[PDB]
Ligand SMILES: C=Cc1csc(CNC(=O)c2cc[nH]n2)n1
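Given next, in C-alpha coordinates, is a single chain: the form deposited without this ligand.
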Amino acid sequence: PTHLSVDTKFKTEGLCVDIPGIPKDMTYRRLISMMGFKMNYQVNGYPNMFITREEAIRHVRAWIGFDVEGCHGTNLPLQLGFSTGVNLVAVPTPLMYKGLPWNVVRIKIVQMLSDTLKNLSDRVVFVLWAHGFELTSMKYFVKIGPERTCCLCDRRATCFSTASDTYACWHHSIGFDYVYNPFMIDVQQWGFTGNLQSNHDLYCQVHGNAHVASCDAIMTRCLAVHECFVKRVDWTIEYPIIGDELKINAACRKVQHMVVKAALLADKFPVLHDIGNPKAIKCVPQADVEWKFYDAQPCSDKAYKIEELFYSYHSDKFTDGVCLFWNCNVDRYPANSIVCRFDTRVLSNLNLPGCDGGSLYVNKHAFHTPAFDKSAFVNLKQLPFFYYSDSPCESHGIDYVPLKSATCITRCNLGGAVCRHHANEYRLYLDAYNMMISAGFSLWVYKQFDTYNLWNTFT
(Lines give C-alpha, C1' and ligand atoms only; values in the text may rest on other atoms or scores of the structure.)
Protein backbone atom coordinates (compact mmCIF):
# COMPACT_ATOMS: atom_id res chain seq x y z
CA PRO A 1 0.00 0.00 0.00
CA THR A 2 2.19 2.83 -1.30
CA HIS A 3 -0.15 4.81 -3.57
CA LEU A 4 -3.90 5.67 -3.44
CA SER A 5 -5.86 3.01 -5.38
CA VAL A 6 -7.84 4.51 -8.28
CA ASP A 7 -10.65 2.10 -7.19
CA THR A 8 -10.99 3.88 -3.78
CA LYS A 9 -14.37 5.59 -3.29
CA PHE A 10 -14.58 9.39 -3.50
CA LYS A 11 -17.40 11.12 -1.57
CA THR A 12 -19.07 13.46 -4.09
CA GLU A 13 -21.47 15.33 -1.78
CA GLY A 14 -19.14 18.39 -1.82
CA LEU A 15 -19.22 18.47 -5.67
CA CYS A 16 -23.03 18.33 -6.24
CA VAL A 17 -23.68 22.15 -6.22
CA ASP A 18 -21.21 22.81 -9.11
CA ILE A 19 -21.99 19.32 -10.57
CA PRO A 20 -25.70 18.59 -10.03
CA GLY A 21 -26.74 14.97 -10.51
CA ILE A 22 -23.25 13.62 -9.70
CA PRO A 23 -23.37 9.90 -8.80
CA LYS A 24 -23.07 9.20 -5.09
CA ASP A 25 -21.09 6.03 -5.97
CA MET A 26 -17.78 7.25 -7.38
CA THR A 27 -14.14 6.10 -7.59
CA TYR A 28 -10.97 8.07 -8.37
CA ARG A 29 -10.88 6.12 -11.70
CA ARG A 30 -14.27 7.54 -12.75
CA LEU A 31 -13.57 11.05 -11.28
CA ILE A 32 -10.28 11.34 -13.25
CA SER A 33 -12.15 10.28 -16.44
CA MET A 34 -14.90 12.88 -15.71
CA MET A 35 -12.16 15.55 -15.33
CA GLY A 36 -11.14 14.83 -19.00
CA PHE A 37 -8.01 12.72 -18.32
CA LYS A 38 -7.25 9.23 -19.70
CA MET A 39 -4.85 6.97 -17.74
CA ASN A 40 -4.75 4.12 -20.42
CA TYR A 41 -3.80 1.32 -17.80
CA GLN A 42 -0.33 2.88 -17.47
CA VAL A 43 2.29 1.35 -15.09
CA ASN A 44 4.76 4.23 -15.54
CA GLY A 45 5.21 5.78 -12.07
CA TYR A 46 2.01 7.85 -12.07
CA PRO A 47 -0.78 5.52 -10.78
CA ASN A 48 -3.22 8.21 -9.63
CA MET A 49 -3.51 12.05 -9.85
CA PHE A 50 -4.77 11.93 -6.18
CA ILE A 51 -2.59 10.83 -3.27
CA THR A 52 -2.98 9.54 0.32
CA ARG A 53 -2.69 11.78 3.44
CA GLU A 54 0.61 9.98 4.27
CA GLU A 55 2.07 10.67 0.78
CA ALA A 56 0.84 14.31 1.09
CA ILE A 57 2.62 14.67 4.49
CA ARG A 58 5.88 13.36 2.96
CA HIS A 59 5.50 16.03 0.21
CA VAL A 60 4.36 19.00 2.38
CA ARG A 61 6.93 21.27 0.60
CA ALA A 62 4.93 20.71 -2.63
CA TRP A 63 1.59 21.88 -1.16
CA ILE A 64 -0.23 24.59 -3.04
CA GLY A 65 -3.75 25.35 -1.95
CA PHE A 66 -5.98 25.74 -4.97
CA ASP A 67 -9.54 26.97 -5.39
CA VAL A 68 -11.72 27.96 -8.36
CA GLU A 69 -14.75 30.23 -8.04
CA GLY A 70 -17.36 30.91 -10.71
CA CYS A 71 -17.13 34.63 -11.57
CA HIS A 72 -20.44 34.51 -13.47
CA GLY A 73 -18.80 26.51 -16.57
CA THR A 74 -17.77 26.97 -20.28
CA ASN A 75 -19.95 30.11 -20.54
CA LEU A 76 -18.63 32.05 -17.50
CA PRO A 77 -15.21 33.36 -16.38
CA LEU A 78 -13.43 31.51 -13.55
CA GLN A 79 -11.33 33.01 -10.74
CA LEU A 80 -8.33 30.71 -10.05
CA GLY A 81 -6.86 31.20 -6.57
CA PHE A 82 -3.59 29.81 -5.21
CA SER A 83 -2.20 29.77 -1.66
CA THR A 84 0.68 31.97 -3.02
CA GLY A 85 -1.99 34.78 -2.80
CA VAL A 86 -2.46 34.90 -6.59
CA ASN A 87 -5.88 35.24 -8.30
CA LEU A 88 -6.05 34.70 -12.08
CA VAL A 89 -9.20 35.21 -14.17
CA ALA A 90 -9.64 32.72 -17.04
CA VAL A 91 -12.19 33.53 -19.79
CA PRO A 92 -13.38 30.86 -22.27
CA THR A 93 -13.72 33.41 -25.19
CA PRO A 94 -4.30 39.26 -2.74
CA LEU A 95 -2.91 39.85 -6.27
CA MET A 96 -5.96 40.28 -8.60
CA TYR A 97 -5.51 39.87 -12.39
CA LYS A 98 -8.12 40.80 -15.08
CA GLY A 99 -9.73 38.14 -17.36
CA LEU A 100 -7.58 36.45 -20.00
CA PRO A 101 -7.93 33.32 -22.18
CA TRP A 102 -6.63 29.94 -20.94
CA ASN A 103 -3.70 29.85 -23.44
CA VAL A 104 -2.05 32.75 -21.55
CA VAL A 105 -3.40 31.86 -18.03
CA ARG A 106 -1.62 28.45 -18.23
CA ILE A 107 1.73 30.18 -19.05
CA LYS A 108 1.29 32.27 -15.83
CA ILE A 109 0.43 29.10 -13.80
CA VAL A 110 3.63 27.31 -14.85
CA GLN A 111 5.78 30.42 -14.05
CA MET A 112 4.17 30.92 -10.61
CA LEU A 113 4.46 27.25 -9.56
CA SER A 114 8.05 26.98 -10.91
CA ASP A 115 9.23 30.06 -9.00
CA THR A 116 7.44 29.02 -5.82
CA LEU A 117 8.56 25.37 -5.91
CA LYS A 118 11.98 24.98 -7.63
CA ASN A 119 13.90 25.32 -4.32
CA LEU A 120 11.28 23.38 -2.27
CA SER A 121 10.29 20.18 -4.06
CA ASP A 122 10.36 17.92 -7.17
CA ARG A 123 6.55 18.15 -7.56
CA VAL A 124 3.29 20.10 -6.85
CA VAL A 125 0.45 18.81 -4.62
CA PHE A 126 -2.76 20.82 -5.18
CA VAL A 127 -4.50 20.99 -1.81
CA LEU A 128 -8.27 21.21 -2.40
CA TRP A 129 -11.59 21.69 -0.58
CA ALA A 130 -13.20 20.28 -3.74
CA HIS A 131 -16.56 21.65 -4.90
CA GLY A 132 -16.29 20.87 -8.66
CA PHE A 133 -15.00 23.83 -10.73
CA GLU A 134 -11.36 23.33 -9.56
CA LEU A 135 -11.39 19.70 -10.76
CA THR A 136 -13.10 20.44 -14.09
CA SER A 137 -10.75 23.40 -14.78
CA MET A 138 -7.59 21.21 -14.54
CA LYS A 139 -7.88 19.93 -18.16
CA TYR A 140 -7.12 23.53 -19.27
CA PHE A 141 -3.62 23.69 -17.72
CA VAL A 142 -2.61 20.11 -16.79
CA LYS A 143 -1.20 17.31 -19.02
CA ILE A 144 -0.56 13.80 -17.62
CA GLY A 145 1.29 10.65 -18.75
CA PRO A 146 4.31 8.54 -17.88
CA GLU A 147 6.86 9.79 -15.34
CA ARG A 148 9.56 11.66 -17.25
CA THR A 149 12.86 13.43 -16.72
CA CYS A 150 13.72 17.08 -17.53
CA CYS A 151 15.16 17.90 -21.00
CA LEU A 152 18.01 19.98 -19.45
CA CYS A 153 18.74 17.91 -16.26
CA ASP A 154 18.14 14.64 -14.26
CA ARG A 155 15.18 15.88 -12.16
CA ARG A 156 11.64 14.56 -12.77
CA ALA A 157 9.54 16.59 -15.23
CA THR A 158 6.89 18.87 -13.72
CA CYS A 159 6.06 20.95 -16.87
CA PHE A 160 5.45 20.40 -20.60
CA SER A 161 5.73 22.73 -23.60
CA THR A 162 3.37 22.50 -26.63
CA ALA A 163 5.72 24.87 -28.55
CA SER A 164 8.77 22.57 -28.31
CA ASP A 165 7.14 19.15 -27.50
CA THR A 166 9.63 18.88 -24.55
CA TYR A 167 9.49 18.36 -20.73
CA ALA A 168 11.12 20.24 -17.88
CA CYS A 169 11.51 20.40 -14.07
CA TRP A 170 10.68 23.62 -12.05
CA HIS A 171 14.27 24.95 -12.66
CA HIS A 172 14.13 24.72 -16.52
CA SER A 173 10.51 25.50 -17.39
CA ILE A 174 10.77 29.13 -18.66
CA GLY A 175 8.20 29.57 -21.43
CA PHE A 176 6.52 26.20 -20.67
CA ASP A 177 2.69 26.19 -20.81
CA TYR A 178 1.45 22.95 -19.12
CA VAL A 179 1.69 21.56 -15.58
CA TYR A 180 2.82 17.96 -16.04
CA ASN A 181 1.87 15.08 -13.72
CA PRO A 182 0.71 17.21 -10.76
CA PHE A 183 -0.62 15.58 -7.58
CA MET A 184 -3.70 16.59 -5.58
CA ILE A 185 -5.58 15.79 -2.41
CA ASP A 186 -9.14 16.68 -1.44
CA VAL A 187 -9.27 17.73 2.26
CA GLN A 188 -13.04 17.24 2.09
CA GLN A 189 -12.42 13.44 1.84
CA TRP A 190 -11.12 13.45 5.44
CA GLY A 191 -14.56 13.61 7.10
CA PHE A 192 -15.51 17.12 8.22
CA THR A 193 -18.83 18.65 9.21
CA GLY A 194 -19.64 22.04 7.72
CA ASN A 195 -17.92 24.29 5.22
CA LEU A 196 -14.22 25.33 4.79
CA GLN A 197 -14.45 28.59 6.79
CA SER A 198 -16.13 26.97 9.85
CA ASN A 199 -13.46 24.24 10.05
CA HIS A 200 -10.51 26.61 9.35
CA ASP A 201 -11.72 29.26 11.89
CA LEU A 202 -11.83 26.68 14.71
CA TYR A 203 -7.96 26.67 14.71
CA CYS A 204 -6.88 29.90 13.01
CA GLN A 205 -7.61 33.65 13.37
CA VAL A 206 -4.82 34.90 11.05
CA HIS A 207 -6.43 33.98 7.69
CA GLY A 208 -9.65 35.82 6.95
CA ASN A 209 -12.18 35.33 4.19
CA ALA A 210 -11.88 38.36 1.92
CA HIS A 211 -14.32 36.45 -0.40
CA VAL A 212 -11.77 35.67 -3.20
CA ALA A 213 -10.47 32.29 -4.46
CA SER A 214 -6.91 32.75 -3.03
CA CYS A 215 -8.41 33.28 0.46
CA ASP A 216 -10.10 29.86 0.22
CA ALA A 217 -6.85 28.33 -1.21
CA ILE A 218 -4.88 29.69 1.78
CA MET A 219 -7.53 28.48 4.31
CA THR A 220 -7.53 24.99 2.70
CA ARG A 221 -3.75 24.55 2.93
CA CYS A 222 -3.80 26.02 6.50
CA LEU A 223 -6.48 23.51 7.56
CA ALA A 224 -4.54 20.66 5.90
CA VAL A 225 -1.32 21.74 7.83
CA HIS A 226 -3.34 21.88 11.11
CA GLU A 227 -4.59 18.31 10.61
CA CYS A 228 -1.28 16.83 9.53
CA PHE A 229 1.23 18.77 11.70
CA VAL A 230 -0.58 20.38 14.65
CA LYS A 231 -3.23 17.90 15.96
CA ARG A 232 -1.22 14.98 14.44
CA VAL A 233 2.58 14.95 14.91
CA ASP A 234 4.95 12.51 13.23
CA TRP A 235 8.68 13.02 13.95
CA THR A 236 9.73 9.75 12.20
CA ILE A 237 9.16 11.16 8.67
CA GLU A 238 12.46 12.25 7.10
CA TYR A 239 12.60 15.08 4.56
CA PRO A 240 15.28 15.54 1.85
CA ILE A 241 18.13 18.08 2.21
CA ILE A 242 17.27 21.18 0.13
CA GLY A 243 19.52 23.89 1.57
CA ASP A 244 21.76 24.62 4.55
CA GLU A 245 20.24 22.00 6.94
CA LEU A 246 23.56 20.38 8.04
CA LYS A 247 25.35 23.74 8.50
CA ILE A 248 22.41 25.22 10.45
CA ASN A 249 22.21 22.14 12.71
CA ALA A 250 25.99 22.17 13.33
CA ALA A 251 25.88 25.94 14.04
CA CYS A 252 23.02 25.44 16.54
CA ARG A 253 25.14 22.90 18.49
CA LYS A 254 28.20 25.23 18.41
CA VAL A 255 26.23 28.31 19.53
CA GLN A 256 24.47 26.34 22.30
CA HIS A 257 27.76 25.07 23.77
CA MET A 258 29.39 28.53 23.53
CA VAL A 259 26.54 30.46 25.13
CA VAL A 260 25.82 28.05 27.96
CA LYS A 261 29.52 27.52 28.73
CA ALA A 262 30.00 31.33 28.99
CA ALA A 263 26.88 31.85 31.14
CA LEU A 264 28.16 29.20 33.58
CA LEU A 265 31.64 30.82 33.68
CA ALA A 266 30.37 34.41 34.03
CA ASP A 267 27.73 33.83 36.73
CA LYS A 268 28.73 30.44 38.24
CA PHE A 269 25.18 29.09 38.72
CA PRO A 270 25.20 26.05 41.06
CA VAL A 271 22.35 24.38 39.13
CA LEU A 272 21.07 24.34 35.51
CA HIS A 273 17.45 23.31 34.69
CA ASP A 274 17.47 21.98 31.10
CA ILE A 275 13.86 22.15 29.85
CA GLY A 276 12.93 20.61 26.52
CA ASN A 277 13.86 17.62 24.35
CA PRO A 278 13.62 14.32 26.33
CA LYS A 279 16.65 13.08 24.32
CA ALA A 280 18.85 16.12 25.21
CA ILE A 281 22.48 15.61 26.14
CA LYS A 282 24.57 18.02 28.35
CA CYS A 283 25.73 20.73 25.89
CA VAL A 284 28.73 21.66 28.18
CA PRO A 285 29.77 18.20 29.52
CA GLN A 286 32.84 19.51 31.37
CA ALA A 287 30.91 22.21 33.37
CA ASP A 288 30.93 21.99 37.19
CA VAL A 289 27.16 22.71 37.57
CA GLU A 290 24.42 20.31 38.76
CA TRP A 291 22.63 19.44 35.45
CA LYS A 292 18.93 18.55 35.82
CA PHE A 293 16.76 17.57 32.80
CA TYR A 294 12.97 18.09 32.36
CA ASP A 295 11.17 16.45 29.43
CA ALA A 296 9.01 18.46 27.10
CA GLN A 297 8.40 17.58 23.46
CA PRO A 298 8.29 20.54 20.99
CA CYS A 299 4.91 22.31 21.27
CA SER A 300 3.28 22.44 17.84
CA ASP A 301 -0.07 24.05 18.75
CA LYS A 302 0.20 26.88 21.37
CA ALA A 303 3.36 27.72 23.36
CA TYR A 304 3.71 25.95 26.75
CA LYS A 305 2.40 27.85 29.78
CA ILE A 306 5.32 28.32 32.21
CA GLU A 307 2.78 27.64 35.03
CA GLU A 308 2.10 24.10 33.74
CA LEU A 309 5.79 23.34 32.98
CA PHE A 310 7.01 24.50 36.40
CA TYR A 311 4.14 24.39 38.88
CA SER A 312 2.04 21.45 40.28
CA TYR A 313 4.81 20.34 42.76
CA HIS A 314 13.06 18.28 40.12
CA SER A 315 14.90 20.82 42.23
CA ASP A 316 11.25 22.27 42.55
CA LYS A 317 13.00 25.69 42.83
CA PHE A 318 13.48 26.67 39.15
CA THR A 319 14.27 30.18 40.61
CA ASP A 320 17.62 28.67 41.79
CA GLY A 321 20.45 28.77 39.23
CA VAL A 322 19.63 29.09 35.53
CA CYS A 323 16.97 27.68 33.16
CA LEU A 324 17.91 26.58 29.65
CA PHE A 325 15.08 26.67 27.07
CA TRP A 326 16.69 25.56 23.79
CA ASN A 327 13.81 25.53 21.30
CA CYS A 328 11.30 24.99 24.14
CA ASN A 329 8.57 27.55 23.27
CA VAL A 330 6.95 28.95 26.41
CA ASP A 331 4.49 31.87 26.83
CA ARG A 332 6.75 33.86 29.23
CA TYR A 333 10.29 32.93 30.10
CA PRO A 334 11.48 33.34 33.69
CA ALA A 335 14.15 36.06 34.31
CA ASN A 336 16.93 33.47 35.06
CA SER A 337 16.88 32.02 31.49
CA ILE A 338 19.09 31.20 28.42
CA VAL A 339 16.72 30.91 25.45
CA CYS A 340 16.83 29.93 21.79
CA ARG A 341 13.41 30.60 20.15
CA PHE A 342 12.67 30.07 16.43
CA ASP A 343 11.18 33.18 14.77
CA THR A 344 8.26 31.92 12.68
CA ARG A 345 8.21 35.12 10.56
CA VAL A 346 11.55 34.25 8.89
CA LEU A 347 11.53 33.83 5.07
CA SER A 348 13.43 30.73 3.90
CA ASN A 349 13.19 27.44 1.91
CA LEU A 350 13.09 25.52 5.24
CA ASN A 351 10.25 27.58 6.76
CA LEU A 352 6.82 27.08 5.17
CA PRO A 353 3.67 29.11 6.13
CA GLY A 354 1.70 27.56 8.98
CA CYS A 355 -1.49 27.67 11.08
CA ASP A 356 -2.64 30.60 13.30
CA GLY A 357 0.55 32.64 12.68
CA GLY A 358 2.74 29.60 13.38
CA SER A 359 5.12 28.15 10.80
CA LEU A 360 6.15 24.71 9.58
CA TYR A 361 9.93 24.43 9.96
CA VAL A 362 11.23 21.56 7.86
CA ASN A 363 14.83 20.59 8.55
CA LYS A 364 15.26 16.79 8.47
CA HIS A 365 11.91 16.52 10.33
CA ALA A 366 8.73 18.67 10.18
CA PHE A 367 8.06 20.92 13.20
CA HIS A 368 5.00 23.19 13.34
CA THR A 369 6.04 26.09 15.65
CA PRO A 370 3.64 28.44 17.45
CA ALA A 371 3.71 32.11 16.38
CA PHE A 372 6.71 34.16 17.55
CA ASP A 373 5.66 36.58 20.29
CA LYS A 374 8.00 39.36 21.52
CA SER A 375 6.19 39.50 24.89
CA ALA A 376 7.54 35.99 25.79
CA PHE A 377 10.94 37.72 26.31
CA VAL A 378 9.92 40.64 28.65
CA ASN A 379 12.08 39.33 31.57
CA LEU A 380 15.14 38.87 29.32
CA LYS A 381 17.31 40.83 26.84
CA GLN A 382 18.69 39.93 23.38
CA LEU A 383 21.92 37.91 23.64
CA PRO A 384 24.71 39.83 21.87
CA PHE A 385 27.26 38.10 19.65
CA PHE A 386 30.56 37.09 21.32
CA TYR A 387 33.18 34.38 20.84
CA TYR A 388 34.87 32.89 23.93
CA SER A 389 37.76 30.46 24.11
CA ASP A 390 40.14 29.29 26.83
CA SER A 391 41.94 26.88 24.38
CA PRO A 392 45.75 27.36 24.09
CA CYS A 393 47.02 29.85 21.50
CA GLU A 394 48.63 27.39 19.06
CA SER A 395 48.24 27.37 15.24
CA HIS A 396 48.83 23.63 14.36
CA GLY A 397 48.63 22.58 10.69
CA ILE A 398 43.55 29.36 4.95
CA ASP A 399 45.43 32.67 4.51
CA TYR A 400 45.59 35.47 7.18
CA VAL A 401 44.61 39.15 7.81
CA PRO A 402 45.00 40.18 11.49
CA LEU A 403 41.80 40.16 13.55
CA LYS A 404 40.78 43.12 15.69
CA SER A 405 37.52 42.69 17.63
CA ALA A 406 36.17 43.73 20.99
CA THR A 407 34.07 40.47 21.01
CA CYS A 408 36.97 37.92 20.62
CA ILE A 409 37.12 36.97 24.32
CA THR A 410 40.51 35.17 24.50
CA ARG A 411 43.82 35.36 26.52
CA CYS A 412 45.54 36.67 23.37
CA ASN A 413 43.05 39.53 22.89
CA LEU A 414 43.31 40.26 26.68
CA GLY A 415 47.11 40.41 26.06
CA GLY A 416 46.59 42.90 23.20
CA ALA A 417 46.90 40.73 20.03
CA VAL A 418 44.58 37.97 18.71
CA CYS A 419 46.64 34.88 17.70
CA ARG A 420 46.12 33.10 14.30
CA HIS A 421 44.31 30.10 15.84
CA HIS A 422 41.76 32.21 17.77
CA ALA A 423 41.20 34.50 14.73
CA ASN A 424 40.42 31.45 12.50
CA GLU A 425 38.18 29.98 15.22
CA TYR A 426 36.49 33.36 15.74
CA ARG A 427 35.70 33.73 12.03
CA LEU A 428 34.39 30.17 11.80
CA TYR A 429 32.19 30.80 14.86
CA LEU A 430 30.91 34.14 13.56
CA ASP A 431 29.93 32.33 10.29
CA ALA A 432 28.11 29.53 12.19
CA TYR A 433 26.37 32.16 14.35
CA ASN A 434 25.21 34.23 11.30
CA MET A 435 23.91 31.07 9.60
CA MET A 436 21.80 30.17 12.67
CA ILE A 437 20.38 33.72 12.99
CA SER A 438 19.50 33.99 9.30
CA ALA A 439 17.80 30.55 9.51
CA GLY A 440 15.31 32.20 11.95
CA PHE A 441 16.72 31.43 15.40
CA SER A 442 16.82 34.19 18.06
CA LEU A 443 18.84 34.15 21.31
CA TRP A 444 17.82 35.71 24.62
CA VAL A 445 19.47 35.80 28.06
CA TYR A 446 19.04 36.94 31.71
CA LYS A 447 19.61 40.75 32.05
CA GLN A 448 22.72 40.35 34.30
CA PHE A 449 24.61 38.52 31.49
CA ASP A 450 27.78 40.47 30.79
CA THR A 451 30.76 39.25 28.74
CA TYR A 452 33.00 41.63 30.79
CA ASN A 453 32.84 38.88 33.47
CA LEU A 454 34.55 36.40 31.08
CA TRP A 455 37.94 38.24 31.00
CA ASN A 456 38.80 37.24 34.62
CA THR A 457 38.64 33.51 33.64
CA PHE A 458 42.22 34.24 32.25
CA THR A 459 44.43 34.56 35.39
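Counting begins at 1, following the sequence as shown.
Beyond what is shown, the protein has a form deposited with this ligand bound; the following relates to that form.
Figure legend: unbound chain with this ligand modelled from its position in the bound PDB entry by local C-alpha superposition. Site blocked, with three or more ligand atoms within 2.4 Å of backbone or C-beta atoms. At the 4.5 Å threshold, heavy atoms of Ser389 stay clear of this ligand in the bound PDB entry, well away from it. Using a 4.5 Å cutoff between non-hydrogen atoms, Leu78 counts as a contact of this ligand in the bound PDB entry. Under a 4.5 angstroms non-hydrogen atom cutoff, this ligand in the bound PDB entry lacks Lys374 among its neighbouring residues.
Taking the partner from the other structure, this ligand in the bound PDB entry has a heavy atom within 4.5 Å of a heavy atom of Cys71. Put simply, of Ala213, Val124, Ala168, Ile109 only one has a heavy atom within 4.5 Å of this ligand in the bound PDB entry, and it is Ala213.
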